[PDB]
Every structure is written in C-alpha cells, then in structure tokens.
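Read through the structure below, which is laid out as structure tokens, and then see the notes.
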Amino acid sequence: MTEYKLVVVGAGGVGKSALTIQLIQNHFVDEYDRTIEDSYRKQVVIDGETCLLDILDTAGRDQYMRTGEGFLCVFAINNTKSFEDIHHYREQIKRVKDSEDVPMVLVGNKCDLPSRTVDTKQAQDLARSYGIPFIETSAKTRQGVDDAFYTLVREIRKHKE
Ligand SMILES: Nc1nc2c(ncn2[C@@H]2O[C@H](COP(=O)(O)OP(=O)(O)NP(=O)(O)O)[C@@H](O)[C@H]2O)c(=O)[nH]1
Ligand SMILES: [Mg+2]
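Written out as structure tokens, the structure is:
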C-alpha cells in the first residue's frame, strides 16, 4: 500500500481543521477550537488506489513540512488577508523543500457564505501563476472536500510520474 503525507496550511480560522475533520470523520465542527498540531490517518480509495493519507492540520511541524508530499494551501473566500498570505506559505514550502515544483492545491474555503471578498477570478489567476489546481470548498456543506484532497494526491502522482 502507498502512503501520502499531506500538510494543510493557511491562515487562522480559514477552515483547515473543519476540512480535515470532514474528510476523516464525515461531520462539520461548528465551533472554533484552536489547533496546535493535529495529525490524522485514514484509509481511502482514490481513483482505485488504496492509499493511506497521513494528514497534518497545522495552526494559523518541520518534520511534516520536510516529509510532506503535497500541501493544501487554504484561504477563506471571506478573508482577503488569508488569500494574501498564500504567497507567504508557498514561499516557505518551496524553502523547506528547495524545489520550484512542489505538489500543491489552492483551496478557497467557506464558499457557502455570502460575504465574499476574494473572487473566483482572483484565485484562478493566482493558481494559474503557480501552476496548481484551484478548488472551491465548503466544510459546512462538504462541497469539494473530497475533490480538494483527491486532487492533491493526483498532483503527487503526477510529480512522482
Ligand atoms: N460557514 C462556514 N464556516 C466554516 C467553514 N469551514 C470552517 N468554518 C468555521 O470557521 C471557524 C474556524 O474553522 P477551523 O476549522 O477551526 O479553522 P482553522 O483553519 O483550523 N483555524 P486555526 O488555524 O486557528 O487552527 C469555525 O467556527 C468553523 O465552524 C466553511 O466551509 N463554512
Ligand atoms: Mg485548526
């Protein structure tokens, strides 16, 4: 069996824990519990490949940062600053990995909310510059939660080629 080490990064409160908890335990946590360094493991079938997902839910670990094979760079569509911080998280990932091509996926969370300040056009333009997919998600309605994590694994498969 193949293991995939995934790291979820992003500014505080964008929904990193809610996205991971939806993927692992299939429910939406409505309360805001401040995360330190939560880890998770889960057996799933992705495109027919049985694989283990080792997921670190970082706070807004250098071990997971060095061992991480793919990175979910998450922002909230109602949080302009979190979208701006994406550049800083990507630079740190490229720094600790010393690679200009690191498997990443850009996630715009909280797309169920009507208080948007980051347009879909902005995020797709940013993702186009990075050469990474962009997924709109809602941990509340579970929209795009599977697609976000599964697309990251496909990006890892493409990188391992
Ligand atoms: N409406 C809505 N609320 C969401 C969504 N995702 C998370 N939230 C809410 O936003 C708050 C923060 O979510 P959380 O998962 O804790 O964010 P975080 O990125 O893990 N925070 P931290 O970096 O401090 O650990 C919670 O109240 C949660 O219910 C979403 O898709 N839609
Ligand atoms: Mg958290």
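Residue numbers for the sequence shown, in PDB author numbering: 1 to 60, 68 to 168. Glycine residues also receive a C-beta, built at the ideal position from the N, C-alpha and C atoms.
DSSP places residue 23 in the uninterrupted alpha helix (DSSP H) bounded by 16-25. The closest CA to that of residue 93, considering only 4, 132, 41, 25, is found on 132. No heavy atom of ligand 2 is found nearer than 6 Å to the CB of residue 89. Per DSSP, reduced to three states, the secondary structure at residue 71 is helical.
Residue 1 and residue 77 have their C-alpha atoms spaced approximately 18 Å apart.
Counting of Cβ neighbours within 10 angstroms places residue 57 among the buried residues, the total reaching 16 or more. Taking C-beta separations shorter than 6 Å and ignoring five residues to either side along the sequence, the partners of residue 12 in its chain run 60, following chain order. Taking the Cα positions, residue 148 is about 10 Å away from residue 27. By the Cβ rule, the segment 84-99 does not count as touching the segment 26-43, because fewer than three pairs are nearer than 8 Å.
DSSP places residue 103 outside any beta strand (DSSP E); the residue lies instead in the alpha helix (DSSP H), whose first and last residues are 93-104.
Residue 4 is positioned such that its CB atom lies closer than 7 Å to that of residue 160. Between residue 8 and residue 82, the beta carbon gap of about 12 Å keeps them out of contact (Cβ cut-off 8 Å).
Counting every other CB atom within 10 Å of its CB across the protein chains shown gives residue 138 a total below 16, marking it as exposed. Taking 8 Å as the upper bound for CB-CB distance, residue 141 and residue 113 are in contact here, some 5 Å apart.
Annotation for residue 136: no beta strand (DSSP E) segment contains it, though the alpha helix (DSSP H) segment containing it runs 127-137.
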